[PDB]
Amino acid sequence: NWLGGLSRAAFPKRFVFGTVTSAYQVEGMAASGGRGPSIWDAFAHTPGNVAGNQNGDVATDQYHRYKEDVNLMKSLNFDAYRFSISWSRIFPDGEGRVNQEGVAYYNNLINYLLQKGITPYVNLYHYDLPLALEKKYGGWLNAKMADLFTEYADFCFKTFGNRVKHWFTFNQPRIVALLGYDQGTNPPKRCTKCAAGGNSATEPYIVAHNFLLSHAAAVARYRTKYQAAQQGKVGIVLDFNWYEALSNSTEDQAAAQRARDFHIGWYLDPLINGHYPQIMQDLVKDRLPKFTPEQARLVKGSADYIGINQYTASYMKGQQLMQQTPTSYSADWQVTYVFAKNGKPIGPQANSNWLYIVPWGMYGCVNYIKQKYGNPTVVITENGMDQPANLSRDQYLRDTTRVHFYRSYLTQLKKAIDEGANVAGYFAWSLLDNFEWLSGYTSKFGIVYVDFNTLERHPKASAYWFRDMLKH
């Protein structure tokens, strides 16, 4: 059977299923309704930055259509919806004056969700730093971001927190650090060679440190001011792809473990244990900022749950560790990526070149966190795959590969949960085809097809798969 034995009965009582979007990727009205620009508006409006010179000005127009989209998610039997608030739609300059029209939108969206029995899971930040803060403060390079972010979070808690009980601060700070400040391919386009300036060896570490301090400060504000009355939770969303040793050699096993530590441990060791991974301290040395005892104690235990975005897996090959002139965060790991073993690829690729379909990576990641970090409450906050550009509507709708993807990945998630992993929920990326950052509209991740000419929504086979799997 096409469900392959999956249903709500196959998961724990009260396990949460949802779909996910992010503000810039779906809302549209990017320069309307009082919204100020983000670093993504500026970046996407520069010729050559995004596929087809596309941008999120209109995107899926969820701003106008949100009731349609909520009706659709309810009809597909989801329990929850993860979306983000655009900082610059609330505070067009990132601080100071509140855009009341922006506030009204999120009130309307949250209220409709609740009216329809869909639980809002709300991200405060999803790459979309207000342009004004980038220009005035230097963005995430500036330790002052902790104060600026805390003040924004405080406003959101006060304004929405009587209704919203599930918050996330950040989405994938690793990718902000990597793409914004190591490779310089996402805004602010910083790197050692980059026109904007930068230093691929130092800035990714400064940026990560500031995300951690900002998360901790926002959570401290929630707990001391709002939580007694509101009784909600705040976590963080971190990407984690699985790393498997290419062989059972000491060097390959060490390499895979180094990759895990530089990828997820970078954030989870501070959040769970109050320090960076030992290997990162050993290899990165004075380029890795030091938490004071007070900061470390603020960061430790500051996530009520850990969101994990899980997509893919790689093999890892290792080498003797060597003294080397620092060049970048990526090069600091001293590992070699490998995508085949015994002459067989680890899995076929989706439309995105980085996205290898490897369902057992889901089990890898979930098991690893359970065993290493004392089984923290985890929520799978994104999982999904993409179709390419230029298909016909019907080809988009017959998304047989995506159906297989969800059945296989969720089977592997079920295996990990059945072995005792503390996973509380699962969210599909994405509800809708949307603006996929550098890929623009050339990458289709949705379980619902969006015709980008007419803006019409049409559920794909994977949407109906979820509907069948999730019927109550």
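The first residue of the sequence shown is number 1, and the count goes up from there.
The mean C-alpha temperature factor is higher for 387-395 when 387-395 and 356-364 are set side by side.
Comparing 456-464 with 5-13, the stretch with the higher mean C-alpha B-factor in the PDB entry is 5-13. Looking only at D261, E382, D154, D93, the residue with the top Cα B factor in the deposited structure is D93. Out of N71, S84, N309, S328, the entry records its largest CA B-factor for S328. Among the modelled residues of its chain, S214 has a C-alpha B-factor that falls in the lowest third according to the deposited record. The PDB entry assigns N422 a C-alpha temperature factor belonging to the highest third of its chain's modelled residues. In this PDB entry, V122 carries a Cα temperature factor that places it within the lowest third of its chain's modelled residues. Per-chain ranking of the deposited C-alpha B factor places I236 in the lowest third.
Among the modelled residues of its chain, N107 has a C-alpha B-factor that falls in the lowest third, as given in the PDB entry.
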